[PDB]
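To start, the structure under review is shown below, and the notes come after it.
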Amino acid sequence: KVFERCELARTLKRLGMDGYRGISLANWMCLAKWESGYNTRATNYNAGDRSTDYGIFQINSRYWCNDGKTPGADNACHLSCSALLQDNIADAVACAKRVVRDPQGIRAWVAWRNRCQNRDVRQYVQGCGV
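Just so we're aligned, residue 1 is where the sequence shown starts under the deposited numbering, counting upward by one.
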């Protein structure tokens, strides 16, 4: 499923993401936008370390979900990586919340640092009623 902007903003808000561990909804939107273009089916294989990034937040298999094919990987969200490819993003949101509970917070995603940190992200939620 490829979400429309405001559709996603409200979906995320209903899932309790607004202000989760101090992270505004606009930050999550900017993250999903740059990670997957709001596409829940987005996938990226990393030939370098044999891991894959899954879903709307491009959550990596080396640490967060299990796909059975990533060497010496962890599964901190305790989810099959397939759960991160559903149209329903509840499990992906649960996992993204897990990711940010760690030291780096939202900084865990390099894309956020590159495209969202110290940027004007207001435009991501304007007009969405959130």
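Backbone N, C-alpha and C fix where the C-beta goes; we use that ideal spot for every residue, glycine too.
{"query": "Inter-stretch contact (C-beta, 8 angstroms, three-pair minimum) for the stretch 76 to 89 and the stretch 103 to 117", "result": "no"}
{"query": "The stretch 8 to 22 / the stretch 39 to 55 touching (three or more Cβ pairs under 8 angstroms)", "result": "no"}
{"query": "Cβ shell of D87 (< 7 angstroms), same chain only, five flanking positions each side left out", "result": "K1 and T40"}
{"query": "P71 to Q123 span [Cα, whole Å]", "result": "40 angstroms"}
{"query": "Rounded separation between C128 and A108 - CA only", "result": "26 angstroms"}
{"query": "Separation of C116 from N27, as counted between CA atoms", "result": "7 angstroms"}
{"query": "Runs of alpha helix (DSSP H) wholly within the stretch 80 to 109 (minimum 4 residues, chain order)", "result": "90 to 100"}
{"query": "3 or more residues per run - each beta strand (DSSP E) lying fully within the stretch 29 to 90", "result": "43 to 46 and 51 to 54"}
{"query": "Cβ-Cβ separation, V121 to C6 (assumed contact under 8 angstroms), whole Å", "result": "About 15 angstroms; that fails the 8 angstroms criterion."}
{"query": "Alpha-carbon spacing of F3 relative to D49, whole angstroms", "result": "30 angstroms"}
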